[PDB]
Amino acid sequence: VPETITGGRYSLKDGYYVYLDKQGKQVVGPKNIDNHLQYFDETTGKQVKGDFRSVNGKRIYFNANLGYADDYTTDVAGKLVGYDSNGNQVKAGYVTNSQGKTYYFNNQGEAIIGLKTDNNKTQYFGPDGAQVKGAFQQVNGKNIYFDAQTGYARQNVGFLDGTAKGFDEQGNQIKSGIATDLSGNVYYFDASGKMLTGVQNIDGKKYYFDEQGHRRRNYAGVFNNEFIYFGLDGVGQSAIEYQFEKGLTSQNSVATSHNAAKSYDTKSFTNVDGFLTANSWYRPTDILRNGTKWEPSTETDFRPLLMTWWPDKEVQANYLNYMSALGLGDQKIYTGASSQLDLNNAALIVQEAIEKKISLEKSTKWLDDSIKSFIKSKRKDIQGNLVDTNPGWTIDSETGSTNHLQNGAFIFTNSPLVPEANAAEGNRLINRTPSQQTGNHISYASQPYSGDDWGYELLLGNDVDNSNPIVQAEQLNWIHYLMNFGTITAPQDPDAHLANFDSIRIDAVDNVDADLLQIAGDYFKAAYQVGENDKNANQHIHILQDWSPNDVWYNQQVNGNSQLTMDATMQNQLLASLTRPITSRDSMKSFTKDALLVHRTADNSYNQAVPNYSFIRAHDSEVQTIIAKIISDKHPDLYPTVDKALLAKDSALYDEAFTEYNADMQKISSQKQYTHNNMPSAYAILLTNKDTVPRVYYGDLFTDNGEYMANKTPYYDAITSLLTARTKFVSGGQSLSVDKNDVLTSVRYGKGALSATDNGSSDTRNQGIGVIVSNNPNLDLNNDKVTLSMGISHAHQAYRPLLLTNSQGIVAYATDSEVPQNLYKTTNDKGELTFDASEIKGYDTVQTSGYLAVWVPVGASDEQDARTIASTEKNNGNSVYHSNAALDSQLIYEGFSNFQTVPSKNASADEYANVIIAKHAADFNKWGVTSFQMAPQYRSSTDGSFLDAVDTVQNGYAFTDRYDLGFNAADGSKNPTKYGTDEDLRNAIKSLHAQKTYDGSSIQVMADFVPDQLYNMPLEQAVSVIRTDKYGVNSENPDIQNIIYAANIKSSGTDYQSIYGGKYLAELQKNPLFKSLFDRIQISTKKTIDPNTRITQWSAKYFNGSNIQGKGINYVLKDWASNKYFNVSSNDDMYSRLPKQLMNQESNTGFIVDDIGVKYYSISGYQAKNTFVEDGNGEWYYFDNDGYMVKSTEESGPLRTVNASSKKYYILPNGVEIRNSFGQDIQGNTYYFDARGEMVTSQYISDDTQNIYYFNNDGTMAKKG
Ligand SMILES: OC[C@H]1O[C@H](OC[C@H]2O[C@H](OC[C@H]3O[C@H](OC[C@H]4O[C@H](O)[C@H](O)[C@@H](O)[C@@H]4O)[C@H](O)[C@@H](O)[C@@H]3O)[C@H](O)[C@@H](O)[C@@H]2O)[C@H](O)[C@@H](O)[C@@H]1O
Ligand SMILES: [Ca+2]
Ligand SMILES: [Pr+3]
Ligand SMILES: [Pr+3]
Ligand SMILES: [Pr+3]
């Protein structure tokens, strides 16, 4: 029996492929994988490809490609018999040889020769048993074509031996009949097999065939002195006879006096900056009260606009149907074809029911809902699928680039139609990432390091413009508010000064103007004199979220080191070499490469390395992506891509995924299908490393979901043992190594000593840790020995373990006395430890793959602390921080996860995280924490536009009011954020501040500074928009070029932004210490910061752009004839006046034939001037400056420039402007006209049937033959 293997990937060794087991081991012999049987060689473990092996007796062939077992025919004599994939002979069925020959065998097992007439699909087989595909074969002069993929007879035209000969399925030449090629080309022949070109009459219907014989669609031109237009049918339509309904329909009714608007100004209409939308309501002069008596309307008698007016018949019809479905309208179906007068009468029948329902309910809220759902309603199509009923008012119409986290984006631009949503000149500078701050990319990177930039301006939601000086100021104000949160929010309290934040984490560095880094750096020199010395600097440790490789070096040269850069090379190497499964895993020798940021192979100096903070996981990185992977595997239907699974927001899915994620964390390393292996081995390297500030993720001590701090991970004992050990032993110089067996040994020599040869100080002897790490579950040393080279400072010294590994797990020893006598071992005269195979071997537990050990020196006191005090001396150079003993004494703790359960409305006091933080304050001080990175404390949105904004998470990165950190409601209801109230928060900070570290100063508390975006904003505003991707590159959709959009982009002006916005700028300017900050010329703007305007209400002029909101392109209402937007707040001529019916004026709609020409009036009653106009969802027409339709004549040909934009259109004598269509001169030349109706030049245009034509710069088609 070939065993089935399931988990494990393929590898390439020596130019052949091998398969690695879940255990880690190469597989040998005949084995099933992927449901297809493959063989693997006895010694080299090599996969067999295109050879013969014997799996349990029977002779089996394996594919040249993929390695899978397959069919084969061997001809010893006569006809080869042929064999199934699993051995055995074929009694009656197809097999395909490796050469690609396909034979069919009879019941007797001989190869079938000649014709093979199956169950309704005749086939052929030539002599020698091969099937024929893709050629014509005369069985007996039939000349029957056989398909390339299947040997089935097909109708096809064969250009051999003459031209245009057509043959059918049974193989008769199709004289006087229609024939069809493989590409779908349609020929027509005459009696005696010769094809036809030009205009033909087939069944009282005209068709056009070009010069190579193809019957054609969407082709216009004069033929035998008759202008014909052959449509999608291929059928000729008269281009003289009009294609529109002649005659006008009055929109004046008995009811229009009463439904006319009370007034024609802002008073009577609900509006967005004057513009009207689909959800607009208005006050008619009269109300049909209880559907029985016309009364004068009161101040509160507003009704939906859509009740009495619509932008066209198509929406009118659909409205009537939808309300009829809600049981209000009449029981009968209407269409855009249906007559105008009938729709208007039907609408008045609906109104009667609407008002009767309002009288009954004593409310109009039910109506508001049913109008909102009508706008977003869906419908059956001719295909049978769900489309949108009103595409113009949905996401459907906002098509562009997909490259953005929320599937689209806009950029705000200026435009004279919306004067108040226009930004100043030289603002809205996008993509000023650290790399592109000057406006051009600059590689600051040196020789073996990368200098790329993965930044982009539009990340999420509504994107704030941080190239505006007024905004840059409000960002400074917000920092000041946070650094003085306590004193500001609770002035009555005497201890308010203890409830203040100390440092910040700058979020989305690659998505905002990099000027904000220098602004922030200036603040802390002014306020807290961080520049003076290490002591001051290290009391405020800030961090960057700077993912791009180049940002490390930008930070160093441009930004001083005003914030700490992340180490990405370490995180990546720690993930690659330890966390991955055995199949994907990098070697430990990689830790000694050159492309690492900090070389630790012989780190022996201070103030040389780049100041940095390194980590393994974080609330976003390597957390959410793993959950998504599980969602994808469990629900392929809904989410097939790992990227697609990130977009999911349903809690049931996550709940399901987490129970797996939690259950998988418990499993042994070899069967960890989703989670990270070797977590304690990774943290063992991280927390012992020199020249770095380690950051520990909440979710590695505790479970990423559920109650805060409630459930521990498998790794808690190991990691908390390391953290306290860091406090007592880790100091001095470092050196990594990796022996021939691939076993890492990290050594710290202890305070005073910087190398192995250093004799050190008094402090040295009892300090300095030693770490051993292998990532090989099948490690077997045998004769070879592993060596920990401690210093000569540690010669002839007794050492005891801190961590060791068993099959059961990892043993942590807290004190020397907990250690058994046998484990103790003493160093030799050189300061070396030696390890046997009887000691160090391969393991596979839950907590380790390979082996982990950590050894410390025996006889440390309890007062012993390895950490070093910050220097007070002046520092030279430009770095704010300096990577040395004192900085490495610091340690950050990211004390939150996204997926912490959200305490319910009536949750008890101590379910909220900030209460729990206070209770466990001393726990953090015993782990060596000097900075506590709190979550963003801002009130989260719940609209679900992104993971961070769904109600089950509310992590706080998705916020509307960024001065609101959990304040009470207006009535005095406690109203906490996911983590607790402003009071609960202020305590938590005091609690952390009460804790005192090794140097007697408090634990720092870090605010999460999020300058990039704002979510879910209350008030609409009109803006000009262009459809783009995340970089702000124009996706160049014609309909979305500087059009007007009703964006939710304006704050309420009664929120905490209005209270505290820019409040402290005046005050700061007056301070001398801040003079440097305000005088600085910022790199990107080249202008100074501007603190003279306060931002109390956010508005569209302070934003670069926004993610797509799915209001729709035509959500802002607009008369099609005039092609102007409706505006109530202005009496300007660039806006259209209200539809004539709504101001009780005479109004008519329709086409009107006139002696001079043809005029068209919209549903609103206005005349079409200088506009394209679609009719009855079919034909387009253009109307000139004089309000007359443009039509071609005999004197003036069909090819015309109409708009004076140098753009040429093809217009028939109907006035019909043909689109996606070919057109002809009277001379003979052919032109093609694209989706938009305009002529094509210098371009190949493809054809539905795979024909291709080339059109010159001229516009004319290149003729063929
Ligand atoms: O370049 C470094 C990479 O090396 C490894 O590549 C693994 C491959 O994984 C998948 O395919 C698995 C496939 O591998 C062999 O066949 C390879 C291909 O051979 C043909 O040319 C054939 O026509 C192809 O159809 C076939 O894929 C095995 O014989 C076969 O059984 C397996 O199905 C990917 O589709 C490939 O693109 C990869 O090369 C390593 O695993 C990667 O992670 C490395 O990046
Ligand atoms: Ca931005
Ligand atoms: Pr007349
Ligand atoms: Pr349409
Ligand atoms: Pr029609």
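Structure determination for this entry, per the PDB record, employed X-ray crystallography and reached 3.70 Å resolution.

*Asks:* Sorry, what's going on with the overall build of the protein chain here?
*Replies:* When its secondary structure is counted, the protein chain shows 23 helices and 66 strands. With the C-alpha coordinates aligned to their principal axes, the bounding extent of the protein chain is approximately 110 × 100 × 60 Å. Within the protein chain, residue pairs in contact and separated by at least 24 positions form 63% of the contacts whose partners lie at least 6 positions apart.

*Asks:* What should I look at first to understand the sheet that holds strand 7 (residues 58-62) in this one?
*Replies:* Sheet strands associate in pairs through backbone hydrogen bonding, adopting either a parallel or an antiparallel arrangement. Within the open sheet, the three strands sit side by side as 6-7-8. Their pairing is antiparallel. Both edges of this open sheet fall to strand 6 (52-55) and strand 8 (69-70), since each of them pairs with a single strand only. Relative to strand 8, strand 7 runs antiparallel, the two being bridged by two bridges. Looking at strand 8, one finds that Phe-62 is bridged to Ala-69.

*Asks:* Could you clarify how one ought to interpret the sheet that holds strand 25 (residues 247-250) in this entry?
*Replies:* Here we have three strands laid out as an open sheet, ordered 25-57-58, and antiparallel in their pairing. The sheet is open, and its two edges are formed by strand 25 and strand 58 (1158-1161), each paired on a single side. Put simply, the sheet's adjacent strands are angled 10 degrees from each other on average, direction ignored. Sheet analysis places strand 25 next to strand 57 (residues 1148-1153), joined by four bridges and oriented antiparallel. Bridge pairing links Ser-250 to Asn-1148 in strand 57.

*Asks:* Would you mind going over the site of ligand 1 with me for this structure?
*Replies:* For ligand 1, the full set of nearby residues is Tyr-10, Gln-47, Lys-49, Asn-65, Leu-66 and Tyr-68. A distance of 2.9 Å separates an oxygen atom of ligand 1 from a polar side-chain atom of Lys-49. Relative to its free-state accessible area of 840 Å², ligand 1 is covered by the protein chains to the extent of 40%. Split into classes, the residues belonging to the shell around ligand 1 amount to three nonpolar, two polar and one charged.

*Asks:* Please explain the coordination of the calcium ion (ligand 2) as it appears in this structure.
*Replies:* For the calcium ion (ligand 2), the full set of protein donor atoms is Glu-457 (O), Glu-457 (OE), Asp-463 (OD), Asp-463 (OD), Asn-511 (O) and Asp-1012 (OD), at a range of 2.2 to 2.7 Å. Around the calcium ion (ligand 2) sit six donor atoms; with metal-centred angles ranging over 50 to 157 degrees, the donor geometry is irregular. Taken in sequence order, the residues that donate to the calcium ion (ligand 2) follow the motif E-x5-D-x47-N-x500-D. On the criterion of sequence distance, the pair formed by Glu-457 in the loop between strand 32 (409-413) and strand 33 (462-464) and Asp-1012 in the loop between strand 50 (1004-1009) and strand 51 (1013-1014) is long-range, its members being 555 residues apart. There is no split in this pair, since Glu-457 and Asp-1012 are both buried.

*Asks:* How should the packing of helix 14 (residues 679-686) against helix 16 (residues 716-728) be read in this particular structure?
*Replies:* Packed helices, taken two at a time, are described by the angle their axes make and the gap between the axes. As a packed pair, helix 14 and helix 16 sit with axes 9 Å apart at the nearest point and diverge in direction by 10 degrees. By the angle between their directions, the pair helix 14 and helix 16 is classed as roughly parallel. The residues of helix 16 that touch helix 14, namely those facing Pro-680, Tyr-683 and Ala-684, are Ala-718, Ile-719 and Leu-722. Taken together, the residues of the contact of helix 14 with helix 16 sort by class into six nonpolar, no polar and no charged.

*Asks:* When you look at the nonpolar core in this model, what are you seeing that I'm missing?
*Replies:* Most often, soluble globular proteins have nonpolar side chains that are buried together. Counting residues in each nonpolar core, the largest one holds 222 residues, and the members touching the most others are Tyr-319, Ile-354, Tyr-481, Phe-501, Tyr-683 and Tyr-893. Ranked by residue count, the leading element in this core is helix 5 (residues 469-483), at nine residues. Excluding its chain neighbours within four sequence positions, the residues that come into contact with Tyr-319 are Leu-306, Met-307, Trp-310, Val-350, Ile-354, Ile-371 and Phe-374.

*Asks:* Can you walk me through a nonpolar patch on the surface in this structure?
*Replies:* On the surface, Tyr-10, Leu-12 and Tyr-17 cluster together into a nonpolar patch covering about 310 Å² of accessible area. Position of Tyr-10 among the secondary structure elements: in strand 2 (residues 10-13).

*Asks:* Before we go on, may I ask you to explain helix 10 (residues 568-579) in this structure?
*Replies:* It helps to recall that an α-helix has 3.6 residues per turn; residues three or four apart then point in one direction. Taking 1.5 Å as the rise per residue, helix 10 with twelve residues should run 16 Å; its terminal C-alpha atoms sit 15 Å apart, in good agreement. Counting buried positions along helix 10 gives nine out of twelve residues, so the element sits mostly inside the fold. For helix 10, every residue scored as buried is listed here: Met-570, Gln-571, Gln-573, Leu-574, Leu-575, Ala-576, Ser-577, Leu-578 and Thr-579. Tucked inside the fold, the buried residues of helix 10 contact strand 36 (565-567), strand 37 (612-615), helix 14 and strand 41 (770-774).

*Asks:* Even after reading the chapter, I still don't get the pairing of strand 34 (residues 503-506), so can you show me in this structure?
*Replies:* Alternating residues of strand 34 divide into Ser-503 and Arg-505 and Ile-504 and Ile-506, and every residue in both groups is buried. The pairing of strand 34 with strand 50 spans four bridges and is classified as parallel. If you follow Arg-505 over to strand 50, its bridge partner there is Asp-1008. Across two bridges, strand 34 lies against strand 35 (residues 543-544) in parallel orientation. Bridge pairing links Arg-505 to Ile-543 in strand 35.

*Asks:* Please explain the pattern of salt bridges as it appears in this structure.
*Replies:* Pairing between side chains becomes possible if they bear opposite charge and their charged atoms approach one another. Counting across every chain of the model gives 33 salt bridges. Its salt-bridge partner being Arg-289, residue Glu-295 comes within 2.8 Å of it at the nearest N-O pair. Close ionic contact of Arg-580 with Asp-586 constitutes a salt bridge, the shortest N to O distance being 3.7 Å. Overall, the relative accessible area of 31% leaves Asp-586 in the partly exposed class. A cluster of three or more residues bridged by salt bridges with shared partners is formed by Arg-289, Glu-295 and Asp-301.

Conventions and cut-offs
Residues numbered from 1 in each chain as written, not as in the entry; some residues may be left out. Chains lettered and ligands numbered in written order. Heavy atoms only, no water. Residues with missing side-chain atoms left out of burial classes, pairs and counts. Helix = DSSP H or I, 4+ residues; strand = E, 2+ residues; numbered from the N terminus. Contact = heavy atoms within 4.5 Å. Pairing = 2+ DSSP bridges. Axes fitted to C-alpha atoms, helices over the stretch in contact; angles between N-to-C directions. Near = heavy atom within 4 Å. Polar contact = N/O pair within 3.5 Å; in protein donor to acceptor, adjacent residues only side chain to side chain. Areas by Shrake-Rupley, 256 points an atom, 1.4 Å probe, with all protein chains shown as cover. Nonpolar A, V, L, I, M, F, W, Y, C, P; charged D, E, K, R; others polar. Donors = N, O, S within 2.8 Å, 3.2 Å for Na, K, Ca; no water. Tetrahedral: all angles 85-135°; square planar, octahedral: opposite > 155°, others 65-115°. Buried < 20%, exposed > 50% of the residue type's maximum accessible area, 1.4 Å probe, protein only. Parallel < 35°, antiparallel > 145°, perpendicular 65-115°, else oblique. Core = buried A, V, L, I, M, F, W, Y, C linked by side-chain atoms within 4.5 Å. Patch = residues over 30% accessible without salt bridge, like charges linked within 9 Å, V, L, I, M, F, W, Y side chains within 5 Å. Salt bridge = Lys/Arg side-chain N within 4 Å of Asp/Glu carboxyl O. Expected span 1.5 Å × (residues − 1).

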